[PDB]
Structure formats: C-alpha cells, structure tokens
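Enquirer: Structure file start-v8.cif (mmCIF, C-alpha atoms) is given on the next line.
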data_model
loop_
_atom_site.label_atom_id
_atom_site.label_comp_id
_atom_site.auth_asym_id
_atom_site.auth_seq_id
_atom_site.Cartn_x
_atom_site.Cartn_y
_atom_site.Cartn_z
CA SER A 100 -1.11 41.03 18.74
CA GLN A 101 2.38 39.97 17.66
CA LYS A 102 2.53 42.63 14.95
CA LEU A 103 1.25 45.36 17.28
CA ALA A 104 3.83 44.54 19.96
CA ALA A 105 6.60 44.55 17.35
CA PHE A 106 5.43 47.96 16.14
CA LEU A 107 5.16 49.47 19.63
CA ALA A 108 8.74 48.33 20.25
CA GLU A 109 10.01 50.69 17.52
CA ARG A 110 7.73 53.08 15.63
CA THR A 111 8.77 53.26 11.96
CA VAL A 112 7.00 52.97 8.61
CA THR A 113 7.64 49.28 7.88
CA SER A 114 6.11 48.05 11.14
CA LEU A 115 3.01 50.15 10.47
CA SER A 116 2.77 48.80 6.93
CA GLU A 117 2.85 45.24 8.27
CA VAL A 118 0.13 46.06 10.81
CA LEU A 119 -2.01 47.41 7.97
CA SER A 120 -1.35 44.46 5.65
CA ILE A 121 -2.65 42.17 8.40
CA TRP A 122 -6.02 43.94 8.27
CA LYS A 123 -6.06 44.08 4.47
CA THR A 124 -5.29 40.43 3.80
CA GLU A 125 -6.78 38.59 6.78
CA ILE A 126 -10.23 40.18 7.18
CA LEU A 127 -11.46 42.32 4.29
CA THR A 128 -10.27 40.26 1.31
CA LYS A 129 -11.85 37.19 2.88
CA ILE A 130 -15.18 38.94 3.50
CA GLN A 131 -15.17 39.95 -0.17
CA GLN A 132 -14.42 36.40 -1.33
CA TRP A 133 -17.13 35.01 0.96
CA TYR A 134 -19.64 37.44 -0.51
CA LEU A 135 -18.84 36.67 -4.14
CA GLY A 136 -18.91 32.89 -3.55
CA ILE A 137 -22.55 32.70 -2.42
CA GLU A 138 -25.79 32.76 -4.40
CA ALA A 139 -28.98 34.68 -3.66
CA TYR A 140 -31.24 31.74 -2.79
CA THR A 141 -29.82 31.69 0.75
CA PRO A 142 -30.53 34.38 3.37
CA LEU A 143 -26.81 34.74 4.23
CA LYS A 144 -26.34 36.74 1.02
CA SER A 145 -28.41 39.60 2.43
CA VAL A 146 -26.95 39.37 5.94
CA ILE A 147 -23.26 39.81 5.06
CA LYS A 148 -23.84 42.76 2.73
CA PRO B 198 0.39 57.71 15.29
CA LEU B 199 4.17 58.03 14.48
CA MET B 200 4.11 61.61 15.88
CA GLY B 201 2.41 61.21 19.27
CA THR B 202 2.42 59.62 22.76
CA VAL B 203 2.71 55.82 22.49
CA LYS B 204 -0.74 55.51 24.09
CA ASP B 205 -2.45 57.58 21.41
CA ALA B 206 -0.64 55.33 18.98
CA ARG B 207 -2.16 52.38 20.80
CA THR B 208 -5.74 53.61 21.06
CA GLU B 209 -6.16 54.42 17.38
CA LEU B 210 -5.07 51.00 16.16
CA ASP B 211 -7.18 49.15 18.75
CA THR B 212 -10.17 51.32 17.84
CA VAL B 213 -10.10 50.27 14.19
CA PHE B 214 -9.35 46.61 14.96
CA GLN B 215 -12.29 46.27 17.36
CA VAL B 216 -14.91 47.22 14.75
CA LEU B 217 -13.39 44.99 12.08
CA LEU B 218 -13.32 42.01 14.46
CA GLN B 219 -16.90 42.59 15.64
CA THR B 220 -18.27 42.29 12.11
CA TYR B 221 -16.00 39.32 11.31
CA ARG B 222 -17.22 37.41 14.37
CA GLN B 223 -20.89 38.17 13.72
CA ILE B 224 -20.69 36.60 10.25
CA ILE B 225 -18.72 33.56 11.45
CA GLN B 226 -21.20 32.94 14.26
CA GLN B 227 -24.30 33.20 12.09
CA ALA B 228 -23.03 31.00 9.23
CA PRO B 229 -23.74 27.51 10.72
CA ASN B 230 -27.53 27.98 10.66
CA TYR B 231 -27.98 27.79 6.87
CA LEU B 232 -26.13 24.63 5.83
CA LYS B 233 -29.06 22.20 5.76
CA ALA B 234 -31.40 24.62 4.01
CA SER B 235 -28.77 25.28 1.34
CA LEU B 236 -29.22 21.57 0.51
CA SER B 237 -32.92 20.84 1.00
CA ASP B 238 -34.13 23.83 -1.05
CA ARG B 239 -33.26 22.54 -4.54
CA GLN B 240 -33.69 19.53 -6.82
CA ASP B 241 -31.18 20.59 -9.48
CA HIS B 242 -27.79 20.09 -7.85
CA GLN B 243 -24.93 18.88 -10.04
CA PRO B 244 -25.04 15.07 -10.08
CA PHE B 245 -21.31 14.55 -9.50
CA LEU B 246 -21.69 16.42 -6.18
CA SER B 247 -25.00 14.96 -5.05
CA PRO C 2 -16.96 -27.05 12.75
CA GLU C 3 -19.26 -24.68 14.64
CA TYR C 4 -21.64 -24.15 11.74
CA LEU C 5 -23.20 -27.20 10.23
CA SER C 6 -26.09 -25.39 8.53
CA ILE C 7 -26.63 -21.71 7.84
CA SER C 8 -29.50 -19.29 7.29
CA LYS C 9 -30.03 -15.60 6.62
CA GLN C 10 -29.62 -15.11 10.38
CA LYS C 11 -27.16 -17.79 11.52
CA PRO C 12 -24.31 -16.32 11.88
CA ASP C 13 -26.19 -13.13 12.68
CA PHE C 14 -25.27 -9.63 11.59
CA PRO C 15 -26.78 -6.22 12.44
CA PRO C 16 -29.77 -5.28 10.27
CA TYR C 17 -28.06 -2.29 8.62
CA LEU C 18 -25.72 -4.70 6.76
CA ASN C 19 -28.08 -5.35 3.86
CA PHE C 20 -27.05 -4.48 0.30
CA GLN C 21 -30.64 -3.87 -0.82
CA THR C 22 -31.46 -1.45 2.01
CA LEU C 23 -28.30 0.58 1.40
CA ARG C 24 -29.08 0.66 -2.32
CA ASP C 25 -32.67 1.83 -1.79
CA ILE C 26 -31.63 4.57 0.64
CA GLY C 27 -29.00 5.76 -1.81
CA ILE C 28 -31.45 5.92 -4.70
CA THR C 29 -34.08 7.78 -2.66
CA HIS C 30 -31.53 10.37 -1.56
CA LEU C 31 -30.25 10.78 -5.12
CA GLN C 32 -33.76 11.44 -6.41
CA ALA C 33 -34.42 13.90 -3.58
CA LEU C 34 -31.22 15.84 -4.29
CA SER C 35 -30.91 15.77 -8.10
CA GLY C 36 -34.15 14.20 -9.36
CA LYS C 37 -34.91 17.24 -11.53
CA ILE C 38 -31.83 16.97 -13.80
CA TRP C 39 -30.67 13.33 -13.54
CA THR C 40 -33.78 11.28 -14.31
CA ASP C 41 -32.46 8.02 -15.82
CA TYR C 42 -32.12 5.27 -13.19
CA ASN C 43 -31.74 2.12 -15.28
CA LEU C 44 -28.89 -0.35 -14.95
CA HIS C 45 -26.85 1.07 -17.82
CA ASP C 46 -26.35 4.39 -16.02
CA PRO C 47 -22.81 4.69 -14.58
CA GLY C 48 -24.21 6.35 -11.44
CA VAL C 49 -26.05 3.22 -10.37
CA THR C 50 -22.87 1.20 -10.93
CA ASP D 2 -41.33 21.57 -17.06
CA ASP D 3 -42.60 19.07 -19.62
CA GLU D 4 -40.62 18.91 -22.81
CA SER D 5 -40.75 16.57 -25.73
CA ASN D 6 -39.50 13.02 -25.21
CA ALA D 7 -39.13 13.59 -21.46
CA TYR D 8 -40.44 10.04 -20.95
CA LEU D 9 -37.27 8.65 -22.57
CA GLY D 10 -35.01 10.08 -19.84
CA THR D 11 -31.59 11.67 -19.48
CA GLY D 12 -28.45 10.38 -17.84
CA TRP D 13 -24.68 10.12 -17.75
CA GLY D 14 -22.75 9.70 -20.97
CA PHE D 15 -20.25 6.93 -21.68
CA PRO D 16 -17.46 7.24 -21.02
CA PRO D 17 -17.73 9.83 -18.20
CA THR D 18 -16.39 13.27 -19.17
CA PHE D 19 -15.59 16.05 -16.72
CA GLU D 20 -15.37 19.72 -17.64
CA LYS D 21 -13.41 22.13 -15.46
CA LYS D 22 -14.26 25.59 -16.80
CA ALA D 23 -17.92 24.55 -16.67
CA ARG D 24 -17.94 22.76 -13.33
CA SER D 25 -20.14 19.87 -14.45
CA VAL D 26 -20.28 16.32 -15.82
CA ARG D 27 -21.55 15.56 -19.32
CA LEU D 28 -25.17 14.41 -19.64
CA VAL D 29 -26.94 12.84 -22.63
CA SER D 30 -30.63 12.48 -23.51
CA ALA D 31 -33.29 10.95 -25.77
CA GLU D 32 -31.74 8.97 -28.66
CA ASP D 33 -28.12 9.41 -27.54
CA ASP D 34 -29.04 7.99 -24.15
CA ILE D 35 -30.28 4.91 -25.97
CA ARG D 36 -27.39 4.38 -28.38
CA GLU D 37 -24.83 4.61 -25.58
CA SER D 38 -26.91 2.12 -23.60
CA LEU D 39 -26.35 -0.47 -26.31
CA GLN D 40 -22.59 0.11 -26.30
CA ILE D 41 -22.51 -0.85 -22.63
CA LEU D 42 -24.75 -3.91 -22.85
CA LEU D 43 -22.83 -5.72 -25.58
CA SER D 44 -19.39 -4.96 -24.10
CA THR D 45 -19.99 -6.47 -20.63
CA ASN D 46 -19.71 -10.17 -19.78
CA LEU D 47 -22.26 -11.91 -17.57
CA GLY D 48 -20.32 -12.11 -14.32
CA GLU D 49 -18.75 -8.64 -14.22
CA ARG D 50 -21.41 -6.71 -12.25
CA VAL D 51 -21.14 -7.08 -8.50
CA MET D 52 -24.67 -8.14 -7.51
CA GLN D 53 -26.11 -8.52 -11.03
CA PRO D 54 -24.90 -11.89 -12.34
CA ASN D 55 -27.40 -11.88 -15.25
CA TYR D 56 -26.37 -8.56 -16.86
CA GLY D 57 -24.12 -8.81 -19.90
CA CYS D 58 -23.61 -10.75 -23.13
CA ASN D 59 -20.95 -13.40 -23.85
CA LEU D 60 -19.90 -12.58 -27.40
CA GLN D 61 -16.17 -13.24 -26.96
CA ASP D 62 -17.07 -16.92 -26.49
CA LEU D 63 -17.40 -17.07 -30.30
CA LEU D 64 -13.93 -15.81 -31.28
CA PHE D 65 -11.42 -17.88 -33.28
CA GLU D 66 -14.15 -19.51 -35.41
CA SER D 67 -15.24 -19.52 -39.03
CA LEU D 68 -18.67 -18.06 -39.81
CA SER D 69 -20.75 -21.18 -40.39
CA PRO D 70 -24.58 -21.12 -40.19
CA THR D 71 -24.50 -22.68 -36.70
CA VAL D 72 -22.34 -19.78 -35.49
CA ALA D 73 -24.55 -17.08 -37.01
CA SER D 74 -27.65 -18.53 -35.35
CA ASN D 75 -25.89 -18.55 -31.97
CA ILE D 76 -24.78 -14.93 -32.33
CA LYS D 77 -28.34 -13.97 -33.21
CA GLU D 78 -29.83 -15.80 -30.23
CA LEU D 79 -27.40 -14.18 -27.79
CA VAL D 80 -27.95 -10.65 -29.08
CA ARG D 81 -31.74 -10.98 -29.26
CA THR D 82 -31.96 -12.30 -25.70
CA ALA D 83 -29.75 -9.54 -24.29
CA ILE D 84 -31.71 -6.79 -26.04
CA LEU D 85 -35.07 -8.29 -25.06
CA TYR D 86 -34.13 -8.36 -21.38
CA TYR D 87 -32.29 -5.03 -21.07
CA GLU D 88 -33.53 -2.61 -23.80
CA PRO D 89 -37.28 -1.96 -23.41
CA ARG D 90 -37.17 1.40 -25.23
CA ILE D 91 -36.43 0.07 -28.74
CA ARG D 92 -37.72 -2.43 -31.28
CA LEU D 93 -35.15 -4.61 -33.05
CA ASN D 94 -35.67 -5.14 -36.79
CA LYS D 95 -32.93 -7.44 -38.14
CA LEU D 96 -29.36 -8.64 -37.59
CA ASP D 97 -26.84 -8.71 -40.45
CA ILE D 98 -23.66 -10.73 -39.99
CA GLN D 99 -20.86 -10.98 -42.58
CA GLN D 100 -17.24 -12.17 -42.74
CA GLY D 101 -14.80 -10.77 -45.30
CA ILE D 102 -14.89 -8.03 -47.94
CA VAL D 111 -8.51 -3.34 -47.94
CA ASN D 112 -6.15 -6.30 -47.85
CA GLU D 113 -8.00 -9.53 -48.56
CA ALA D 114 -5.88 -11.11 -45.81
CA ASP D 115 -6.71 -8.67 -43.02
CA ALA D 116 -10.37 -8.65 -44.10
CA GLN D 117 -10.59 -12.43 -43.60
CA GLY D 118 -10.02 -12.16 -39.91
CA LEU D 119 -12.81 -9.79 -38.97
CA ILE D 120 -16.53 -10.28 -38.39
CA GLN D 121 -19.07 -7.49 -38.86
CA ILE D 122 -22.44 -7.28 -37.10
CA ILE D 123 -25.04 -4.61 -37.90
CA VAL D 124 -27.89 -3.81 -35.48
CA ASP D 125 -31.02 -2.15 -36.88
CA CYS D 126 -33.48 -0.67 -34.38
CA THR D 127 -36.34 1.81 -34.12
CA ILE D 128 -37.71 3.80 -31.17
CA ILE D 129 -41.20 3.06 -29.85
CA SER D 130 -43.55 6.06 -29.63
CA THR D 131 -45.21 4.85 -26.40
CA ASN D 132 -43.82 4.36 -22.91
CA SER D 133 -43.05 0.96 -21.41
CA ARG D 134 -43.79 -0.59 -18.03
CA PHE D 135 -40.14 -1.70 -17.71
CA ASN D 136 -38.55 1.76 -18.17
CA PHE D 137 -37.04 3.24 -14.99
CA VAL D 138 -37.39 6.93 -15.85
CA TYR D 139 -38.45 9.29 -13.03
CA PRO D 140 -41.11 10.18 -12.08
CA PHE D 141 -43.24 8.19 -14.54
CA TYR D 142 -42.27 4.71 -13.34
CA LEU D 143 -43.66 5.39 -9.86
CA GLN D 144 -47.09 5.32 -11.54
CA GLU D 145 -46.60 3.49 -14.86
CA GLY D 146 -45.74 0.36 -12.89
CA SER D 147 -43.50 -2.62 -13.51
#
Reformat the file's structure so that it appears as structure tokens.
Expert:
Amino acid sequence: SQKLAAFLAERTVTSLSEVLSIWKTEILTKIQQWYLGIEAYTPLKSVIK
Amino acid sequence: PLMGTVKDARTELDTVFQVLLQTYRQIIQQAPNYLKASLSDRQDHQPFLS
Amino acid sequence: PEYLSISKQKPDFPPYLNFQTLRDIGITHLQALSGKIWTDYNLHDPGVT
Amino acid sequence: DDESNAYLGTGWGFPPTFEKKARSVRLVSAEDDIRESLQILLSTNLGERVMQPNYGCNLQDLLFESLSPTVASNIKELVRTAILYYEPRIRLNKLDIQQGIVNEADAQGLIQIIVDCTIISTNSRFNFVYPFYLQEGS
C-alpha cells in the first residue's frame, strides 16, 4: 500500500520498479523456498504445487 | 500504466496483486493442519533434534 | 523447627515432581520418535546423561 | 530391517561430534560402541553422575605410589568390579600392569594397564538394546 501510494503520487520508472520488486521478493521467492524446503511424505507438498 | 488515466494505472496493479495474495493466503491458512503428522509419521528422525 | 520427622510426602510436593517419572516419559518419547536409528539406551550413552 | 549384530546396538560416539554440511550427529555401532563404552566407564569417578552414585571407578585414588603387589591386586579388584557391573557385552580375559620400560627417568613415573577382552556371541539379559530388552528381560 505504501509503495502504491508513492507511485501514484508521481508516475515514473523507479516507483514502478519498486512496486514490482515488492512482488518479486516478498511473495514468489518465498513460495519457491517453501516448496523446496519440504519433503514428499507430507500432503502439503502436493497442495502448494 | 505510465501512459494512461491514473485509474487504469490503478486497476491493473490491483488486479495482479489480488491473485498473488489469494494464493499466498490459501497456503498460509492450510499449513497449520500438518504439523503433528509431520512428527508422528516416522521413527527415523535425527537424534539431536528428537 | 516445624519438621521433626520427614517422609516421601511430608513436606508434600505435586506428583509431577518425580525424577523417575520424568525420566521414563523422556525415554518413551525418545523411542517413539527415533527408536529406529538410535537403539542403544544404556548408561554409557551421552543421550541418557 | 534385521542386519548382522543388530543385538549389540548403536549409539552416540564419544566425544560428541557435529557435522554441518551433513546435518547430523556422529553415531557408532557394534564393536566401536563397546570400546568407547569402556573409555567412559574408567574415566568417571563414583560420585559424578547426578542420580547414579554407584557408576564410575576410583582409579586416581592410587596415584603417587610405587607398584607393589598390594597395589596391583587393588587395581585389579577395582577394574574387575567395574566391568562386571557395567559391561555385560564382553568377557574379560586378563589384566597386565607394569611400571617402567625413552628416558629412563620419565618412564619411571608412568604406570601402564592393558585390558584384554572378547565379545560374547549371545545376547545378555542385562543389555538395554531396543527392542530386544522388552522381551529378553532383566
């Protein structure tokens, strides 16, 4: 929310890049690390994927 | 969205964020139901942890 | 002097404060968790210490 | 799984070793699990375990003495009693004790004790190896 408000204040490339880096580093990387850190003897392994 | 009405610029970003957050929340919510089975299903845990 | 003679229950303490009960519960849980790899439970084993 | 010598058991090594690339603690088995056992028993004094006042062996009570026959017999009695009570998996053959011989001045101050043992081919009712002792008894 903070990053989106800061972008909507002034629309340039750097604000957009920060908004995108939020998504890249706070959601998707962590889903990947969660997936690789689990073994197949639990059902969660098949849920996430 | 750097070439259109500030609303169109708003809608696109919210539209992507909503899907990402839905999946994130689903995983977080379902996780707590497997902790005890992850323990009681084996007899070959590392001793320094058990 | 309040106590002129003592017993196993005079002064009295809650029944969970018993070294042998705690030790037996610990050993049972250890065998349930890792009894397939760590099988030696004699007194020389550092884990019992 | 039922391998060979499973009845002799596996356990922690001495001293404890931790590996970091392989996220585990070192474990010994069979004959190594027995040898290390001895190293513990003869290096602990009688009062050092918290609720086990009878576990140990008081060898350092015989330091600063010459090796007379009455000292050798006492060493032998102590070692035999400790092994009889706390090592059911082996059979002790003989004890060899010598003083002297290196410098013939440094050699005079040390005592050497040799322990000869063999491993019994049967199980024992006093061996706490899982899960046999739940049925083999006490």
Enquirer: What does the PyMOL selection byres ((chain C and resi 33) around 12) select in this file, as an mmCIF file with C-alpha atoms, keeping the file's coordinate frame?
Expert:
data_model
loop_
_atom_site.group_PDB
_atom_site.id
_atom_site.type_symbol
_atom_site.label_atom_id
_atom_site.label_comp_id
_atom_site.auth_asym_id
_atom_site.auth_seq_id
_atom_site.Cartn_x
_atom_site.Cartn_y
_atom_site.Cartn_z
ATOM 1 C CA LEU B 236 -29.220 21.570 0.510
ATOM 2 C CA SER B 237 -32.920 20.840 1.000
ATOM 3 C CA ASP B 238 -34.130 23.830 -1.050
ATOM 4 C CA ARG B 239 -33.260 22.540 -4.540
ATOM 5 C CA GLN B 240 -33.690 19.530 -6.820
ATOM 6 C CA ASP B 241 -31.180 20.590 -9.480
ATOM 7 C CA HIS B 242 -27.790 20.090 -7.850
ATOM 8 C CA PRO B 244 -25.040 15.070 -10.080
ATOM 9 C CA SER B 247 -25.000 14.960 -5.050
ATOM 10 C CA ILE C 26 -31.630 4.570 0.640
ATOM 11 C CA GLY C 27 -29.000 5.760 -1.810
ATOM 12 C CA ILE C 28 -31.450 5.920 -4.700
ATOM 13 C CA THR C 29 -34.080 7.780 -2.660
ATOM 14 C CA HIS C 30 -31.530 10.370 -1.560
ATOM 15 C CA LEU C 31 -30.250 10.780 -5.120
ATOM 16 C CA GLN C 32 -33.760 11.440 -6.410
ATOM 17 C CA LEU C 34 -31.220 15.840 -4.290
ATOM 18 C CA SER C 35 -30.910 15.770 -8.100
ATOM 19 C CA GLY C 36 -34.150 14.200 -9.360
ATOM 20 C CA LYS C 37 -34.910 17.240 -11.530
ATOM 21 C CA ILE C 38 -31.830 16.970 -13.800
ATOM 22 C CA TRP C 39 -30.670 13.330 -13.540
ATOM 23 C CA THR C 40 -33.780 11.280 -14.310
ATOM 24 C CA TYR D 139 -38.450 9.290 -13.030
ATOM 25 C CA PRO D 140 -41.110 10.180 -12.080
#
Enquirer: Applied to the shown file, which residues does the PyMOL selection byres ((chain B) within 10 of (chain D)) return, written as JSON, numbers by chain?
Expert: {"B": [243, 244, 245, 246]}
Enquirer: Could you state which residues are captured by the PyMOL selection byres ((chain C) within 7 of (chain D)) in this file, as a list in words?
Expert: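 So the PyMOL selection byres ((chain C) within 7 of (chain D)) ends up selecting residues 39, 40, 41, 42, 43, 45, 46 and 47 of chain C.
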Enquirer: Applying 8 Å and only C-alpha atoms, which residues near residue 79 of chain D remain after dropping the ones on its own chain fewer than 6 positions away? List them as a list in words.
Expert: residues 58, 59 and 60 of chain D
Enquirer: Identify every residue of chain A that has at least one atom within 7 Å of any atom of chain B, counting all atoms listed in the file, and report the result as a list in words.
Expert: residues 110, 141 and 147 of chain A
Enquirer: Kindly compute an axis-aligned box around the listed atoms of segment 228-243 of chain B, allowing 8 Å on each side, and express its centre and edge lengths in Å to one decimal as AutoDock Vina command-line options.
Expert:
--center_x -28.6 --center_y 24.9 --center_z 0.3 --size_x 27.1 --size_y 28.1 --size_z 36.8
Enquirer: From the set C:4, C:9, C:49, C:21, which residue has the shortest atom-to-atom contact distance to chain B, counting all atoms listed in the file?
Expert: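 Using all atoms listed in the file, the shortest distance to chain B belongs to C:49.
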Enquirer: Please report the interatomic distance between atom CA of residue 44 of chain D and atom CA of residue 132 of chain D in Å with one decimal.
Expert: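 Rounded to one decimal, the two atoms are 26.2 Å apart.
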Enquirer: To one decimal place in Å, what is the distance between atom CA of residue 127 of chain D and atom CA of residue 92 of chain D?
Expert: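 The value is 5.3 Å.
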Enquirer: Just how far from atom CA of residue 31 of chain D is atom CA of residue 97 of chain D, in Å to one decimal?
Expert: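 So the two atoms, atom CA of residue 97 of chain D and atom CA of residue 31 of chain D, lie 25.4 Å apart.
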